[PDB]
Each structure stands twice: as structure tokens, then as C-alpha cells.
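Asker: Chains as they are written, first to last, in PDB author numbering: chain C, 1 to 141; chain A, 1 to 141; chain B, 1 to 146; chain D, 1 to 146.
Each residue gets a CB set at the ideal place from its N, CA and C atoms; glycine is no exception.
Can you keep this structure in mind? I'll have questions shortly.
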Amino acid sequence: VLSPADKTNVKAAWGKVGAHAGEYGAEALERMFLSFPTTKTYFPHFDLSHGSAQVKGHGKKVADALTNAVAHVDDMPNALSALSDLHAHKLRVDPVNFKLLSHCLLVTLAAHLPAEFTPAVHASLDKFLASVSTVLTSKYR
Amino acid sequence: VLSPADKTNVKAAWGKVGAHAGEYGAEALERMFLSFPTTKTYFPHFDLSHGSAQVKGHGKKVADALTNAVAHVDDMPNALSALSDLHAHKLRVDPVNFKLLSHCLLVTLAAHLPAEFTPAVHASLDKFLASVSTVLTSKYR
Amino acid sequence: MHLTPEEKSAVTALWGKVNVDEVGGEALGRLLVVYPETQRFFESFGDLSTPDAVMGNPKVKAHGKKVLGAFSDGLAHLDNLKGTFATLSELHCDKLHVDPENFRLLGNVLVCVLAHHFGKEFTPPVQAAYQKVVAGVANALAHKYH
Amino acid sequence: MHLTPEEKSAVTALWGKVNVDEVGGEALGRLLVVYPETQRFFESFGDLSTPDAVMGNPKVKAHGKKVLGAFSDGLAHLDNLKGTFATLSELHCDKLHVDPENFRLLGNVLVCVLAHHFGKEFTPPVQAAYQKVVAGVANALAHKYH
Ligand code: HEM
Ligand code: HEM
Ligand code: HEM
Ligand code: HEM
């Protein structure tokens with residue numbers, strides 16, 4: 001469960017990502033498609049080539065949603081309502097895939113924010129991404 | 001989530017189980033240990049031989065906990081409160097293991113309850129076991 | 001695939017007793033009812049809104065028989081599951097875009113249907129042999145994903 | 001292992017620049033801090049109450065180094081991980097009672113630590129190759145569980 005301590009770390013870290021979030025979103029997706037090919041099955045209508053404009057743009061949409069969740073961290077369910085319907089009821093993404101995207105996000109942040117990625121912050125971000133994943137997969141059945 | 005229909009299905013099936021609950025519990029555990037040997041790592045202090053009294057004994061406990069969950073179907077998170085602290089904070093059982101026990105119980109009811117195990121009842125029982133596993137795994141960090 | 005000769009003989013013995021036409025339809029039917037998220041892959045089958053609509057659907061029953069036939073080909077080639085399923089793996093990946101997690105769900109449902117049909121004959125040891133088999137089939141169906 | 005020649009050398013070149021003392025303590029340390037469940041196996045290591053205590057603990061650091069040395073043996077025997085880790089597999093099963101699911105957690109923290117240290121050089125293709133290796137290891141370590 002997100003503690004106030006965790007919330008403070010996430011806010012700090014995310015604040016540091018600042019206007020680079022979009023870039024980090026697209027990189028995380030690229031890392032995911034390469035490292036874990038099975039996740040591509042959900043994006044057959046995407047051009048998934050390196051440097052793809054679709055992936056870039058979708059990366060920005062993923063980063064902005066996470067920006068939204070940070071801002072609404074005490075209220076994630078309500079603020080992610082639409083995305084939750086879309087992922088759990090329309091796309092029907094198997095929960096396992098959220099663990100793959102979160103790890104790729106953590107790798108990305110680790111690769112670009114070396115000073116901020118402390119063991120405490122790592123832990124906080126991991127619990128943060130798990131909570132987001134839970135809300136996005138909740139109303140499945 | 002459970003639907004009114006799911007609750008009705010779970011109560012009827014669990015009702016046919018009856019006194020045999022403990023025996024089904026013990027069977028489920030045995031099936032688990034044989035089909036998925038990694039689970040044995042949580043019981044290095046048990047005798048896990050076929051027919052073991054400790055396993056028969058543990059089975060009854062698992063079965064009674066489920067019976068209690070069925071009695072408090074509208075308030076599982078609080079009724080299984082002490083078991084959640086045990087599984088998630090003292091034993092620290094990785095969540096995949098609950099899916100394996102859930103599956104083995106389902107196999108056990110299917111083999112003993114031919115007439116009851118319809119597709120609809122199978123769907124409800126699966127959702128119920130998922131709900132129970134979620135509660136027992138809920139305070140995981 | 002770590003199957004001892006006893007497990008292999010237990011698998012093969014039970015399987016001779018199975019009516020594949022029937023078991024296939026029951027297995028695919030229960031997948032769609034118990035894990036309704038899988039229904040997105042079969043919208044050409046028609047009505048799948050209730051359990052009976054699913055279990056009695058003729059396209060469900062015909063497709064289930066297809067699936068169990070490929071499964072039977074696998075049981076006859078336990079020592080080369082990857083080659084047996086290579087073309088099916090690619091198809092499930094490139095053409096149908098099915099997340100391989102779904103193969104595990106079907107394997108488990110199939111194990112429940114076997115237990116349902118055979119009752120007490122489906123012992124703990126026989127189950128263990130069958131799990132190793134459905135896990136091997138799922139890994140084989142997933143190998144050509146790229 | 002499904003590793004390509006380009007990937008095998010992708011891994012090898014990076015590995016030669018790795019500081020084993022730093023990366024080993026950082027990986028094992030973060031395991032214990034990010035996934036505190038795993039502390040259950042290291043209660044003999046002493047004080048692990050806070051991040052600073054875990055990361056500064058000399059047995060943590062020393063043990064991390066040993067873990068990396070075994071990882072090293074794996075990278076040098078990539079075509080036979082199963083045989084390289086067999087003894088260690090039995091050890092973690094028989095003596096230590098470690099659920100193999102924890103092996104994935106360490107592999108991933110490990111990947112995060114490589115990224116933390118190498119920055120730009122830990123490019124998407126390099127991570128993909130490391131992901132295959134870390135899964136290879138995790139599977140090899142689980143192989144003798146019975
Ligand atoms: C941190 C976790 C995730 C977040 C925050 C996220 C956020 C988003 C957002 C913002 C959209 C755009 C929806 C809109 O237009 O309103 C999106 C669509 C989508 N997402 Fe995710 N997502 C996450 C995890 C995943 C995962 C794990 C998968 C699958 C492996 C996935 C597959 C998709 C697909 C297929 C779409 C539709 C794309 C399209 O056709 O436009 N997402 N998600
Ligand atoms: C339907 C899900 C489960 C239920 C209802 C359940 C119920 C129980 C109950 C009632 C106890 C006894 C608590 C007491 O001593 O007072 C118990 C203890 C235990 N459970 Fe479970 N359990 C479940 C899943 C698991 C799983 C998945 C594992 C691990 C694979 C597991 C491993 C243990 C262990 C190691 C103990 C302590 C054994 C001992 O030392 O006596 N349980 N659980
Ligand atoms: C033992 C595991 C499975 C086996 C052996 C299997 C075998 C088959 C076979 C033989 C076909 C016919 C191929 C063709 O048309 O050329 C088939 C088609 C198909 N399979 Fe599977 N399958 C398996 C698991 C799944 C799973 C779990 C899903 C999805 C949840 C799935 C979705 C499909 C779909 C959508 C088609 C094409 C259906 C159509 O005719 O329109 N399969 N598979
Ligand atoms: C890449 C995965 C892993 C590798 C390569 C690895 C390697 C090692 C090695 C080399 C040893 C020393 C063995 C010896 O004395 O001969 C060790 C001991 C040990 N490992 Fe691991 N290990 C891994 C994952 C884990 C995990 C995940 C845990 C638990 C969460 C774990 C808990 C232990 C414990 C408790 C010991 C005994 C330490 C002691 O002497 O007090 N290991 N492992």
C-alpha cells in the first residue's frame with residue numbers, strides 16, 4: 001500500500017522526470033516490445049519499427065496518464081476510471097503484461113536518472129506502478 | 001467481483017461439499033504438492049508423504065477457512081483478516097502459489113462433484129477462489 | 001520435457017479412454033465461460049452471451065474437436081513438442097495475435113474437464129503427469145513468438 | 001538458450017566492464033529493499049531494517065559478490081546453464097527452501113542495476129539480450145526442484 005513516504009518519493013522522482021516523461025514513455029514501450037515479444041500481440045495495428053511515430057505518440061499518452069496518477073495518487077481509481085474500463089474490459093490485457101511494462105519503466109528511469117534512483121525511490125516507484133497496474137486490471141470479471 | 005448469482009452458486013456447491021470439506025482440502029493439498037513441487041518449499045517442516053496425517057490435518061484447516069469465507073461472503077476482507085496477516089506478512093507466500101492451490105481445489109471438486117460442476121458453477125467457484133486469494137495476498141508490502 | 005516412463009504410460013493410458021469430440025467441445029466451451037476475456041478471439045462463432053449459448057454452440061464444439069486433435073498429435077510426439085507445434089505457434093502469433101498466457105488457461109481448464117469426466121480415476125499422480133504435459137504444450141505453442 | 005551471436009557478444013562486451021563488487025552488493029541490496037519479503041532468507045545477515053542498513057551491510061555486500069560470480073560462470077557456459085547451476089539448484093531447493101519465483105525478482109533487480117550503472121550504453125537491444133540471460137538463469141536454478 002502506498003505510504004506517505006512512498007507518495008513523497010514518487011512525487012519527487014516524477015517531478016524530476018518533468019518534461020522528459022514522454023520520451024521515457026516511448027523508450028519504455030520500445031524496451032518492452034524488444035525484451036518481451038509477446039506484448040506485441042496487443043498492438044498488431046501498430047507500426048512497431050524502431051523510431052516508429054506510432055510508438056512515440058503512444059509513449060506520450062502513457063507518460064501523461066502516469067503524470068495524472070501521480071497528481072491523483074490518493075484517488076487513483078476515480079482518476080483512472082476511463083483507462084481501467086479500456087484495459088480491463090475493451091482490450092482485455094492479461095495482468096502479467098503490466099509487470100513487464102512496469103519493469104521496463106523502472107529500467108528507463110534507472111538509465112536516465114541515476115542520482116535519483118536510490119534504493120528507497122526504486123522501492124517506492126515499484127509499489128506505485130503495481131498500484132496503477134491493479135487499478136487498470138481490476139474490473140476484469 | 002462476485003455477482004448475486006455467483007454467491008448463490010458458491011453457497012450451493014459448498015453446501016453439497018458438506019462434511020467432506022476437510023477431505024477435499026487434504027486432497028487439494030496433495031495434488032498441489034505433486035503437480036507443483038515448488039510449493040513444498042513453504043512446508044519444509046511437514047511430512048508430505050502420501051497419506052500424511054499432517055497434510056490431512058492441514059487440509060481441514062484450509063477447508064474450514066473457506067467455509068468461513070463462504071459464511072461471510074459479503075465481508076471477506078475482514079473475515080479473513082487474521083489469515084491475511086499470516087499469509088502475506090509472516091509466511092510471505094508468493095501470489096502465484098495461490099493460483100496453483102485454487103486450480104487444485106477446482107480439480108478436486110470436479111472429480112468428486114460431477115453433477116454440481118457445471119460450467120456456470122465452475123465460473124463462480126473460480127471467481128470466488130480468486131477473491132479469496134486476493135484478500136490473503138492483499139497486504140503484500 | 002521431464003516425463004518418466006511411468007508418467008508417459010499414465011498419460012497415454014488415460015488418453016485412450018477419452019472421447020476427443022466431446023472433451024474438446026467441453027474444454028473450449030468452459031474456457032470461454034470461465035475466462036470470458038478469451039471470447040474476443042472468437043467473434044465469428046456467434047452468440048456467446050450465456051453459458052448455454054456457449055456450451056451448445058456448434059462452432060464451439062467443432063473448433064474444440066480441432067484443438068483436441070492437435071493435442072492428440074502432441075501426445076504421440078512427446079519427445080518433440082516444439083517441432084510438432086511449430087507451424088501452429090507461428091499461426092497463433094502472426095495471424096491470430098493471441099497472448100500465450102491464454103495457452104495456460106486452456107491447459108488448466110482441460111485438466112479440470114478430465115477430472116470431471118474420469119472422477120476418482122484422475123488421481124494426484126495422473127494429474128501431475130497431465131500438468132507437465134499441458135505446460136509442455138503451452139511452451140511449445142509459445143516458442144515461435146517473435 | 002535462444003541467444004544470437006550478436007546478442008552473446010552484446011552481453012559479453014558489457015559484462016567485461018562490470019565492477020563485480022559494486023554491482024553485486026547493489027543487486028542483492030536492492031532485492032532486500034524493494035522486495036522485503038526476501039529478507040526472510042537472510043535473517044542470519046543481521047541488521048536489515050532500513051535501506052541504509054541493508055546497503056551498508058558487509059555480509060550483504062559480500063554475498064552479492066558471490067551471486068555475481070555464479071552469474072559469471074553462466075555467461076561463460078551459456079549453452080549449458082542447466083548443467084552449470086545444477087548443484088546450486090539443489091542447494092536452493094533442499095537446504096534453503098527458496099521459492100523459485102524469487103529468482104525472477106533478482107534477475108530483474110539485476111537488470112535495473114545494470115541500467116543504473118551503464119546509462120546510455122544499456123540500450124533496448126542490450127537489455128533484451130540480458131533479459132533472455134536472466135530468464136535462462138532463473139530457469140536453470142529451478143530445474144532440480146523436486
Ligand atoms: C502503467 C500501465 C499502463 C498505462 C498507464 C497505460 C496507458 C494507456 C493509455 C493512456 C492509452 C490510451 C487510451 C486513450 O486514448 O484514452 C492506452 C491505450 C492502450 N494500451 Fe495501455 N497502459 C498501460 C499498460 C498497458 C499494457 C501492459 C498493455 C499491453 C501489453 C497496454 C496495451 C494498450 C493498447 C493496445 C492500447 C490501445 C492502443 C491504440 O490502439 O490506440 N497498455 N494505454
Ligand atoms: C485458499 C487459499 C488458502 C487458504 C484458505 C489457507 C488457509 C490456511 C490456514 C487456515 C492456515 C492455518 C493458520 C493457523 O495455523 O491458524 C494456513 C497456514 C499455512 N498456509 Fe495456507 N491457505 C491458503 C493458501 C496457501 C498457500 C498458497 C500456501 C503456500 C503454497 C500456503 C502455505 C501455508 C503455510 C506454510 C501455513 C503454515 C503451516 C504451519 O506451519 O502450520 N497456504 N493457511
Ligand atoms: C492446446 C492449445 C491450443 C491448440 C492445440 C490450438 C490448436 C488450434 C488449431 C488447430 C487451430 C486451427 C488453425 C487454423 O485455422 O489453421 C486453432 C485456430 C485458432 N485458435 Fe487455437 N489452439 C490452442 C489454444 C488457443 C487459445 C488459448 C486461443 C485463444 C484464447 C486460441 C485461439 C484460436 C483462434 C482465434 C483460431 C482461429 C479460429 C477461427 O477459425 O476463426 N487457440 N488453434
Ligand atoms: C540468479 C539467482 C541466484 C543465484 C545465481 C544465486 C547464487 C547463490 C550462491 C552462489 C550462493 C552461495 C552458495 C554456496 O555457498 O555454495 C547462494 C547462497 C544463498 N542464496 Fe542464492 N542465488 C540466487 C537467487 C537467490 C534468491 C532469490 C534467494 C532468496 C530470495 C537466495 C537466497 C540464498 C540464501 C539464503 C543462500 C545461503 C546464504 C548463506 O550462506 O547464509 N538466492 N546463492
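1) Between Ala69/C and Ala79/C, how many whole angstroms is the CB-CB distance? I'm expecting something under 8 Å.
2) Which whole runs of the alpha helix (DSSP H) in the stretch 106-141 of chain C are 4 residues long or more, in chain order?
3) Return no unless some Cβ of chain D is closer than 8 Å to the Cβ of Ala120/C.
4) Measuring CA to CA, which of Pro119/C, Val1/C, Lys61/C and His58/C is closest to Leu106/C?
5) What span of residues does the alpha helix (DSSP H) with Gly51/A cover, start to end?
6) I want to verify the contact list: residues of chain D whose CB lies under 7 Å from the CB of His103/C, in sequence order.
7) Over what stretch of residues does the alpha helix (DSSP H) that includes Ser9/B continue unbroken?
8) Could you tell me if the beta carbon of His58/C falls within a distance shorter than 7 Å of some heavy atom in ligand 1?
9) Determine, using beta carbons only, whether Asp94/A comes closer than 8 Å to chain B.
10) From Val18/D to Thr12/D, what does the alpha carbon distance come to, in whole angstroms?
11) Does any heavy atom of ligand 3 sit closer than 7 Å to the C-beta of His87/C?
12) If you pair each beta-carbon of the stretch 124-143 of chain D with each one of the stretch 73-91 of chain D, do three or more pairs fall below 8 Å?
13) Under a Cβ-count criterion, where at least 16 other Cβ atoms within 10 Å of its own Cβ denotes burial, should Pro124/B be classed as buried or exposed?
14) For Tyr42/C, does the three-state DSSP call read helix, strand or coil?
15) Where does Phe85/B sit, in a helix, a strand or coil, going by DSSP?
16) Would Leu29/A and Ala128/B qualify as a contact pair, given that the criterion is a beta-carbon distance under 8 Å?
17) Indicate, with yes or no, if ligand 3 has a heavy atom lying under 7 Å from the CB of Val98/B.
18) Quick one: which chain C residues come within Cβ less than 7 Å of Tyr145/B?
19) May I have the straight-line CA-CA distance separating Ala88/C from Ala12/A, to the nearest angstrom?
20) Just tell me which of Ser131/C, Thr39/C, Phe117/C and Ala19/C has its CA closest to the CA of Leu91/C.
21) Show which residues of chain C have a CB atom less than 8 Å away from the CB atom of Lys127/A.
22) Return yes when at least one heavy atom of ligand 4 lies under 7 Å from the C-beta of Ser84/C, else no.
23) Kindly indicate which three-state DSSP category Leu80/C falls into: helix, strand or coil?
24) What alpha helix (DSSP H) runs, 4 residues minimum, are completely inside the stretch 85-146 of chain B?
25) Counting only Cβ pairs nearer than 8 Å, list the residues of chain C close to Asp79/B.
26) Only counting the same chain, and skipping five residues up and downstream in sequence, which positions put a Cβ closer than 8 Å to that of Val10/A?
27) When the distance is taken between beta carbons, is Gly24/D closer than 8 Å to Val54/D?
28) Would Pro114/C pass as an interface residue toward chain D - the criterion being a Cβ-Cβ separation below 8 Å?
29) Hey, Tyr35/D and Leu110/D: beta-carbon distance below 8 Å or not?
30) Ordered along the chain, which non-local residues of its own chain (more than five positions away) have a Cβ less than 6 Å from that of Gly107/B?
31) Please name the residue in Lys139/A, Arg31/A, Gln54/A and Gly22/A whose C-alpha comes closest to that of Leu86/A.
32) Mind listing the chain C neighbours of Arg40/D? Cutoff is C-beta to C-beta under 8 Å, in chain order.
Answerer: Judging by the given coordinates:
1) With 8 Å as the limit, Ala69/C and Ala79/C qualify as a contact, their Cβ atoms being about 7 Å apart.
2) For the stretch 106-141 of chain C, the full-length alpha helix (DSSP H) segments reaching 4 residues or more read 119-137 along the chain.
3) Yes - at least one Cβ of chain D is within 8 Å of the one on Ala120/C.
4) Checking every option, the nearest Cα to that of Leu106/C belongs to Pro119/C.
5) For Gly51/A, there is no enclosing alpha helix (DSSP H), as DSSP marks it with neither H nor E.
6) Those within 7 Å of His103/C in chain D are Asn108.
7) Counting along the chain, the alpha helix (DSSP H) containing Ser9/B begins and ends at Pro5 to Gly16.
8) Checking every heavy atom of ligand 1 against the Cβ of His58/C, one is found closer than 7 Å.
9) No, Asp94/A lies away from the interface with chain B (no Cβ there is under 8 Å from its Cβ).
10) Straight through space, the alpha carbons of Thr12/D and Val18/D are spaced by roughly 10 Å.
11) Not under cutoff, so the answer is no.
12) A contact exists between the stretch 124-143 of chain D and the stretch 73-91 of chain D.
13) So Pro124/B counts as buried.
14) It is helical.
15) Residue state, collapsed to three classes: coil.
16) Against a cut-off of 8 Å, the Cβ pair of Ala128/B and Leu29/A comes out as no contact.
17) Yes, ligand 3 has a heavy atom inside 7 Å of this Cβ.
18) Within chain C, the residues near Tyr145/B are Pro37 and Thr38.
19) About 29 Å.
20) Closest by C-alpha distance to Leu91/C, out of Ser131/C, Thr39/C, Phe117/C and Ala19/C, is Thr39/C.
21) Going along chain C in sequence order, the residues near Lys127/A (Cβ under 8 Å) are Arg141.
22) No, Cβ of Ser84/C sits at least 7 Å from all heavy atoms of ligand 4.
23) Coil at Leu80/C, not helix or strand.
24) For the stretch 85-146 of chain B, whole alpha helix (DSSP H) runs of length 4 or above, ordered along the chain, are 86-90, 101-118 and 124-142.
25) What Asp79/B touches in chain C: nothing, since even the nearest Cβ is about 26 Å away.
26) Cβ within range, chain order: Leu2, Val70, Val73, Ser124, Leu125 and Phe128.
27) Taking 8 Å as the Cβ cut-off, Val54/D and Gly24/D do not qualify as a contacting pair.
28) Closer than 8 Å to some Cβ of chain D, the Cβ of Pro114/C qualifies, so yes.
29) Contact: no.
30) Result list for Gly107/B: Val134 and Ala138, in chain order.
31) In terms of CA proximity to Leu86/A, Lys139/A leads the group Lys139/A, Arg31/A, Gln54/A and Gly22/A.
32) Close to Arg40/D, with beta-carbon spacing below 8 Å, lies no residue of chain C; the smallest spacing is near 17 Å.
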